[PDB]
Structures are given as C-alpha cells and as structure tokens.
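Bear in mind that the values in this text are calculations on the coordinates, not laboratory data. Reconstructed Cβ throughout: ideal geometry from the backbone, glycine too, with neighbour counts over all protein chains shown.
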Amino acid sequence: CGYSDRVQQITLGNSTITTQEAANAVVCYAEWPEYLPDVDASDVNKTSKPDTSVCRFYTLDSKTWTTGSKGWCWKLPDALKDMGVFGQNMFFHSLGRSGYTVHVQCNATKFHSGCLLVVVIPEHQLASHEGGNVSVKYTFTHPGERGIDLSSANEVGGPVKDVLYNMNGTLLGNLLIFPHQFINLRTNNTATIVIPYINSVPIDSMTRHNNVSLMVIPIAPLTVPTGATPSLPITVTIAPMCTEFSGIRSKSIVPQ
Amino acid sequence: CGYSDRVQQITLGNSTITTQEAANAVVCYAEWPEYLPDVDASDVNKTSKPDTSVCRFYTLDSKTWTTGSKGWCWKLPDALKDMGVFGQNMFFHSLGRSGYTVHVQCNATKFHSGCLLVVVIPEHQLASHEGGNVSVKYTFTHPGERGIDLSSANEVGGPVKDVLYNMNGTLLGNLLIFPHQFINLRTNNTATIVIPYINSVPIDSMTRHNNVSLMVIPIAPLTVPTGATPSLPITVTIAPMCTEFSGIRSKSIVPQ
Amino acid sequence: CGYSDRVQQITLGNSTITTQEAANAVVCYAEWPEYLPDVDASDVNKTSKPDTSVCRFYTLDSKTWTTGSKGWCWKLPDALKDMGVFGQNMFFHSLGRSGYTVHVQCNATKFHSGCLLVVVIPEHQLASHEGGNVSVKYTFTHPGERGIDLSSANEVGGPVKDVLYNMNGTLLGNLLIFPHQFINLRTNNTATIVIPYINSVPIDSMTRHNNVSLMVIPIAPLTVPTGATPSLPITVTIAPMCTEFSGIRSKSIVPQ
Amino acid sequence: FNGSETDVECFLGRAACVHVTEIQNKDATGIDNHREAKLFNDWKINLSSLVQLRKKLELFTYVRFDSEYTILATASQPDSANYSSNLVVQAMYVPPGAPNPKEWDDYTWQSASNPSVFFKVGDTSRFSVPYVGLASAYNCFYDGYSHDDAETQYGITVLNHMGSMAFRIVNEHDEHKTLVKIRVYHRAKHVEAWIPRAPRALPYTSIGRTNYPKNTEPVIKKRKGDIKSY
C-alpha cells in the first residue's frame, strides 16, 4: 500500500477513461449538475431522460502546447455538434438542458516546466477582429473540435485573437472569478471543472445559443529541457451529466 | 512512515541478502516447498535433515544484459555442483529431494527501458545444434554458474542456441504456462519464483537428472539513455528450501 | 494522503521558516535547552525573560559549497554580534545564558552527490597559523556571519586553516563524539542540532567567551552532473531557545 | 455587517441621469422643424448610455430590476419670465412589444393601456415599472443570436427589451418660441444579481456587442522605475 489516488474505473457508457492524476475536484459553484427543473405539472410524465445514453466522455482532438502558443477556446454546447448521440439529439431536438463535466488533461513529463489556466466562462460574448460596431457572424465563432485556436491563427471578419482581452475586453489575471483551476506541472497534469446548467431561461436551444466558452491558456510559457520536443499535448474530454432535452414524442427528422 | 515494502532481514545461515524491491511473491503452483514425502515407516527415524545447513542463499555470477543479448539458461539442480555444502552433499550422496527458491535481481536505474521474462521450466529437455536424431552428450548442457548463455554464443555438437524455440521446439510467447514473472523496469527490478520439488520418482539423483532449467530472457530489448553504459547486470540467487537427502549413515567418500 | 513530514508552521516571532525535509531531530545530549538555573533566592523575582523576543530564527549568509571547498566555522555566541535584538542584548548586557537551536540547510537537487558533516564542538579552542607558543589575538577568530571560512582562505597571524586537525590538533573522522549529523544528499538536505547551554560557570559573558564553534564540512566531495553549476548553497539558521540574560534593571548604554 | 452599504441593492440602486433631451411645441407643421428633436421624442430605454458608461452592471452577468424613472422636466426657455403658462408635459412608458409613436399628434399617445402621465413643467413624476423581462433575469451579457431562423436583428439582443419612454407636449399656437428640457433619472429597486464577471479594460465602443476598442492605450500602469519600488 501507499498512494491511493482516485484512479479507479470511471466507466460510463462507451467511455472507460479513468485517467486521474491528483484527482481533486473543483465544481463551478455550490450547485451540482442537477436534473429536475421542477417537480411535476401534476401529470403523468414521459419526460425525456437521455442520461442513460448521453453521459459518455466525449473526448476532443488533442492540441499541441508549443512554446509559441497563446490559447484555445471552444464553445461548449456547440463544440459537440457533429458528433455523438448528443449532437444528433442537439440537431434532432431544438431545446435541451445540459450540465457538463470537463476534464482537461495535459501529458507532461517530470522535466517540463510551465503552467496552464483552465477557465469556464458563462455566456462568453466575443470581441471582434473588426473591433467596431460589428462582430463575428457566428461562422468563425464555434468551429467545433478545433476551437477558436488563439495561438497565432489570426483571421479577418470574425473574432479578435488578442489573449489579454480574451475576446471580452477583460483582463487576463482578472479572469479568475469564473470557475478555474491551474495546471501546474510541478503539482498536477490534469484539471476538472464541474459545470451545472446556467441560463436565465430554464430550457434553451443549443444550436442557437452558446452557453459556455471553455478556455485553456498558458500563463507561464512551457520550457522543455533542450534536446526534447518543444511541444506538449492537451486533451479535453466532456461528459455531459444530468442532461435533459425537451422535444419528447415530437421530432421526426430535420437534416442539415 | 510511508512505504513499508518487505525489505527486512531475510537472513538465513551464512546468507543475509534482504534486497527486495516490490517484494511480491509468485509460487510455482499451489504447492509450497514441503519436506515430508510421507509420514513414517512405523519406525524410529534418523532422517537426513540438512535444512539447518543447506538453506543458504547461494548467489551466482552476475551476467550483463546488453542490447545485443538473447538469454541465459542454467540447469537448476546441477548449476550448484562445484559449490557450497549443497554441492558436496550432491556428490557426497547420490539421491536428494530439493525444493528451490530463485530470486533473480536486475540492477536498473530509473532511466532504463526494457523488460525481462523469468521462467521456470520443469524437466526442460534440450534441442540440439545438430537438430537430428542426436542431442548434446551432457557436457555442454549444464556448465554450472555460467549457463548455456544463449546470447550469441553459438557452438557445435551440443544444444541449439535458437531463442524462439527455446531449445524445446516450443514458442516464445507461448511459454507462460510454466511459472514465470515479468521484470518490468517501469515497475520492478527483481523477480522471485518459489519452486517445490517436482519428479515422478519421490527421491532422485541430482548428479544424473536435471530437474529444472531456469531461463532469464529479454522480451523487450534494453534501451539505455545514450551516454550511459549499454549493459545492465542480472544477479540470480538460489535458496534451496526444505531440502532432503537420502544417503543417511551410508556415504564415506567419492572423489571426482 | 501519503507522506506527512513535519513541515508545518514553525513560526516564532518575526520568523516563519518551516522548511523541513525529513524533520528528524538530534539533540546534543539528554539535556534540553532549559531556562531555570535554580529555583529562587527565596525572593520576589524580576528575572530577565527575553524568550518572548529573542527566539527568532536568525538566519545567516548563504555559503557556496563548491567542489574545491574545505569547510566553514562560526563561533556561535559571537556569530550573532552585529545583528538582532540578541546582539544588542549581548553588548547591552554583559552576561547571558543562551541555549541554541541550529538548523543547517543545503539546497540540493536529486542529481547532486555528496555528503556533509555538521558538528557542534563545545569550547573549541583554536590552533594558530603560527603553530607555536602563540595563537590568534581574537580578531581573526570570530568575524561573525562570515566564519573562519576554511575553504582555501589562508592568512597570517591568526588560526590555521588545516581541516584534518580542525584547528584543534584532533582528527577528522575522530570528531564525532561531539554532537553531529551527516547531511547525505541521497537521504536528507538539512540537519538540526539542539544545543543546551554549556559552561562551568552558570552565567557568562558572550562578548568575551566563545561557547561553541559550529562547523559544516564536506567529508565527501560534491560531484554535480556536468553541465550544471559546480556550486551548492549552505544556509544556517540559529534560534536561541530558552535564552536568559543577567543585567536586569542595571544597564543604561554602552556604545561600541 | 448586515448594513445596506456594500450589498448589491445599495450598489446599483442609486439614481443617475440618463437621456438628456430637449423638445418643444410649435404648431401642426408651421416652420419646417418637426421630426428630429422637436414636438416629441422617443428613447427606447437602455441603461447602456450612462451607468458610468456601463460598468457596475457589466460587472455582473444576470440582473433583475424594478425601475423607478423619475422624469425631471424643465423649461429651457426662460421659465423665470414666462414660457411655462400651464405647459403640461406628457410622458409615456411604451412597454416592449407595443408600437412607438413617431408623431406628436399621433394615435398612440391616447390609445389604450399605455401608461402615460401628465405633470407641470418644472415638477417631477415618479414611476415604478415592474420587471419587464422576457428572460427571468435581464441578460445584460448574452452569447447567441435571436434565431438560426428569420433571426430578429442581431446579437444586440433587444429581445430582453426594458421599454420605451416617449415625451411630448400638449399645447398649441405658433407665434412664439418655447423649449423644454427633459431629464429622466433611472433607479433600480430590489436588484438581484448573478454570475460575477471580470471588469472591462477600456471604455466601450458599442452597445450590446462586447467589443473591445481598437487602437488602445495601455490600461495598466508601468512601474515607476523597476521592480524596485519607492
């Protein structure tokens, strides 16, 4: 016996991830991802319950934290559009309630020095590359699985790629009243954020509305020992927990 | 306090080894090395009990696992011929009952990558270098303390040095229904196999009959970091446990 | 949970050190640093109690253990002369009782090989560089915060810098009946010695009398891996515990 | 302390000058000055003008008001002399989802259920408009357009509209000049805030769109010398 970190089987549907280094958990606020928006309507229920088959750990593409890197930003309910049964429930219905659980993991050896900041920003409105009385037309916003990719990928017509203003006009070190956790390669290699559902309307379309932007950004630059590769990977997995949809016994087919 | 691995004094006779890294134990089968072949002959006993003075940890010569290495094979009751009080009991008597305990240790740093397979093969009959209707004449079989030394030491007239057929006609990855344990340099540096006595005749000459071949073979090649030595040592120690001999009050002198 | 070494807040006055690696403690003898030299004089007491405000961890200057280094020697009650409220109590009064707690710390990485010997020598009389019927005139004895600095700093008129005779005529490996602990970079990085007060007179001037020499000396030379800096730092901190002074309601001003 | 000084209700509940305007009443048409700032004015209320250029409310994400517009109207044309003879001013809170007047003598000043008040010039009028919000809180800071369908306008998000104030004069007779300045002070009651948000770096460049302005000066200050202070 000895170290006994919580690395046991978190198997869930088709997903059997169980990769946890220092498995401490920070939830967004005091509220857990909870299913029920109310009790009843004093009526017999056929309420859409896809949590038996939506709670998979849908991972993403891995992204390579180089020394010359600035950050990555995915729009969370619209990152999982072209994938999973969750995406086909997203186009298949219109409105849905989706709490998420985001597990960002960075492979790093003992010898790599650097720090990351993960941050979950609710309703992150974007700042344009035009920077005037116009923004992105929501084609360049949420590519899905690819992110905005702030790391030196500048473009025209859409959002800005300035990382200090984080497409928001805000400030970088000031960003931490949003839920966040620092990935310190001295201490940890992964981060978990538990995201309950957040919207002023209890049920909402995720094809139209971008609930959450997820940002992983390097605050301190990565200094690899020389003779190694100047690149480290970032893997992010989303497990939509206590997820609900609205269009019960209603939706036939919409193709797009 | 903290890690408390079983590294305490296994002192035994002249032997005070107690070098155990991850001191987990795999025994050959469900049977422990046990002394008594029967109860009695309904008679007063002068039964030969050398376990007070045979149970030493007779180590061997160390062998250097290079990158260009193939394997090592010792014939276990006849490896300890020219050494110890056990060898002089072996020539001094004829017949003996000997259970063994084999502790193979490989010094390896944290930086060395490779895997070994130890395997204890009962009654390992040999395949010849001739490969016809003739084998070794049992001069090249069991050199003792030196082994067959499969690593690129080819010869003529005796056994083959082909490692996939392991002098047996069998197959390398198929060899594991014999008792075995993998020395993985990520995980461990040593291996222990507990060998009870095995023969269709309850008491037998060990000068004539080779009970056990012991093989340590590299399945995965050793990749040292460059700038280090391309060699790692293998140390194997034998503790013959619950060992019995037959020639009580009978043997005077046979020199050879 | 896991390793739980005693690394918690040893905060004490202005001092909040709490840097302990393998926080095992060796005291000089069976006697702890104890305040009371007696009970009373059957009288009302105004006894000088500065332990509320003397027990700070007065650190020293750091010293760089190179490969070409020999040792360092501070005279302990007179090392803290020009510093602290303890030094101003030392000149301000004359006589004082001072038990000490010395914590020598050496920053070392995992890759550095070497060993140190700390040793606390009571009443260490010095051997001269003249080596005749004359010694140092106590100007070169106790520079304070700088030490004798045996490492290749030879001089004329004062003490010898010969490290085997350790300014004493004694022998290096024979020195260990004094309180001592070995700083082994395989095992530890720091050392603590708990020094109770020691003098044939119960109360004594520390401006005149050098109670303790403290020596940190490299027994085994430091072999850094090549490509790193050939220097390691030594930090020594003194916490004078259960410290007492004599000149109660007596001392006005003496400047020097 | 449980004292209403640093809490949210005291924080945003102060009354501030929004929407300075200047109207008059001349005639039916008369001299050709009718449409821009004369004879009436519509505001289309939005706290985006001068809540210290949208700062304390932008510090949070989700708010809920209960507004108290206190309309201070005054006669810019010398009230001391005259230009105030029963100059009754008509205010009107046109709720969201209701047609807006665009003429002084227009049908939707007197229409059905549009809360309109009348008061003397140089006096005030106090309102209490309840929380008129489409969402359960005011989405001051919203990500998303209105539809992927027809899509109402753009991500200005005027869907959570608060209202539209209309001011005009009920008087007559072009022979003379008058001028009336109207100054409304919004005050929010029972303010419930949610989801704290990091503050902006620059003063803004647009309403609704969270855009940071180009061509910026350094919002943070250089050290006076080095990391060595004093």
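Details
- Members of segment C:148-192 that are under 17 Å from residue C:220 (Cα atoms) and part of a strand (DSSP E or B): C:180, C:181, C:182, C:183, C:184, C:190, C:191
Yes or no, residue by residue, for (1) of a type in the set (D, E, K, R); (2) out of contact with any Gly (no Cβ under 8 Å at 6 or more places or on another chain); (3) within 23 Å of residue B:20 (Cα to Cα); (4) in contact (Cβ under 8 Å) with a residue 60 or more places away in the chain:
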position	(1), (2), (3), (4)
B:198	no, yes, no, yes
B:204	yes, no, no, yes
B:221	no, no, no, yes
B:244	yes, no, no, yes
B:252	no, yes, no, no
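- Members of segment D:36-59 that are among the basic types (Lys, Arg) and in contact (Cβ under 8 Å) with a residue 24 or more places away in the chain: D:44, D:54, D:55, D:56
- Scanning segment B:20-34 for residues being more than 14 Å from every other protein chain (Cβ to nearest Cβ) and loosely packed, with under 15 Cβ neighbours inside 10 Å gives a total of 7.
- Top-ranked residue of segment A:133-144 - restricted to ones that are within 7 Å of chain D (Cβ to nearest Cβ) and not small (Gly, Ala, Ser), ranked as nearest to the chain's Cα centre (by Cα): A:138
- Scope segment B:165-207; condition surrounded by fewer than 14 Cβ atoms within 10 Å (Cβ to Cβ) and either in contact with a helix residue (DSSP H, G or I) (Cβ under 7 Å, 6 or more places away or on another chain) or among the hydrophobic types (A, V, I, L, M, F, W, C) (or both); matching residues: B:171, B:176, B:177, B:201
- The listed residues are A:123, A:130, and the only one of them that is within 14 Å of another protein chain (Cβ to nearest Cβ), more than 20 Å from the chain's Cα centre (by Cα) and more than 23 Å from residue D:220 (Cβ to Cβ) turns out to be A:130.
- Top-ranked residue in segment C:51-108 [being β-branched (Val, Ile, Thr) and touching a strand residue (DSSP E or B) at 6+ places or on another chain (Cβ under 8 Å); ranked as nearest to residue C:195 (Cα to Cα)]: C:101
- Residues that are within 14 Å of another protein chain (Cβ to nearest Cβ), without any contact (Cβ under 8 Å) to a residue 12 or more places away in the chain and assigned to a loop (DSSP other than H, G, I, E, B) do occur in segment D:178-198, at least one of them.
- Of all residues in segment D:199-230 being within 26 Å of residue D:163 (Cβ to Cβ) and more than 8 Å from chain A (Cβ to nearest Cβ), the one that is surrounded by the most Cβ atoms within 10 Å (Cβ to Cβ): D:208
- Hey, residue A:95 closer than 30 Å to residue A:172 by Cβ, in contact (Cβ under 8 Å) with a residue 60 or more places away in the chain and within 14 Å of chain D (Cβ to nearest Cβ) or not: no
- Of residues in segment A:41-69 being touching an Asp or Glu at 6+ places or on another chain (Cβ under 7 Å) and surrounded by 13 or more Cβ atoms within 10 Å (Cβ to Cβ), the one farthest from residue A:249 (Cα to Cα): A:60
- For segment C:1-19, the candidate set comprises residues that are small (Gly, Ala, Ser) and surrounded by 12 or more Cβ atoms within 10 Å (Cβ to Cβ); within that set, the residue that is nearest to the other protein chains (Cβ to nearest Cβ) is C:15.
- Of the strands (runs of 3 or more DSSP E) entirely within segment D:1-104, those holding at least 3 residues that are not polar (S, T, N, Q) occupy D:16-23, D:60-64, D:70-75, D:89-94.
- When each of A:217, A:203, A:195, A:183 is tested for being among the hydrophobic types (A, V, I, L, M, F, W, C), farther than 30 Å from residue D:203 by Cα and within 14 Å of the chain's Cα centre (by Cα), the lone residue that passes is A:195.
- Flag for residue B:74 being crowded, with 20+ Cβ neighbours inside 10 Å and under 20 Å from the mean Cα position of the chain (by Cα): yes
- Residues in segment D:113-149 that are in a loop (DSSP other than H, G, I, E, B), facing chain A (nearest Cβ under 8 Å) and touching an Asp or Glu at 6+ places or on another chain (Cβ under 9 Å): D:137, D:141, D:142, D:143, D:144, D:145.
- Condition check for residue A:179: touching a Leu at 6+ places or on another chain (Cβ under 6 Å) and more than 9 Å from chain D (Cβ to nearest Cβ): no
- Check on residue D:191, surrounded by 13 or more Cβ atoms within 10 Å (Cβ to Cβ), touching a strand residue (DSSP E or B) at 6+ places or on another chain (Cβ under 8 Å) and farther than 16 Å from residue D:67 by Cα: no
- Residue that is under 28 Å from residue A:181 (Cβ atoms), more than 19 Å from the chain's Cα centre (by Cα) and of a type in the set (A, V, I, L, M), where the choices are A:7, A:44: A:7
- Sole residue being in contact with a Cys (Cβ under 9 Å, 6 or more places away or on another chain) and of a type outside the set (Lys, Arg), chosen from D:108, D:61, D:70: D:61
- Top-ranked residue of segment D:152-170 - restricted to ones that are facing chain A (nearest Cβ under 9 Å) and surrounded by fewer than 18 Cβ atoms within 10 Å (Cβ to Cβ), ranked as farthest from residue D:48 (Cα to Cα): D:154
- Filtering A:160, A:212 for residues that are closer than 21 Å to residue D:219 by Cα, buried (at least 21 other Cβ atoms within 10 Å of the Cβ) and within 14 Å of chain D (Cβ to nearest Cβ) leaves a single hit, A:160.
- Any hit, segment C:114-128, residues being crowded, with 20+ Cβ neighbours inside 10 Å, touching a residue at least 12 places away in the same chain (Cβ under 8 Å), assigned to a loop (DSSP other than H, G, I, E, B) and not aliphatic (A, V, I, L, M): yes
- Test for residue C:179: is it in contact with a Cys (Cβ under 6 Å, 6 or more places away or on another chain) and not acidic (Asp, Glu): yes
- Single residue of segment B:230-256 satisfying the filter (hydroxyl-bearing (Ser, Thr, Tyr) and buried (at least 16 other Cβ atoms within 10 Å of the Cβ)) that is farthest from residue B:67 (Cα to Cα): B:246
- Yes/no for residue C:99 being at positive phi and buried (at least 19 other Cβ atoms within 10 Å of the Cβ): no
- Hey, residue A:139 crowded, with 17+ Cβ neighbours inside 10 Å and either free of Cβ contacts under 8 Å to residues at least 24 places away in the same chain or in a strand (DSSP E or B) (or both) or not: no
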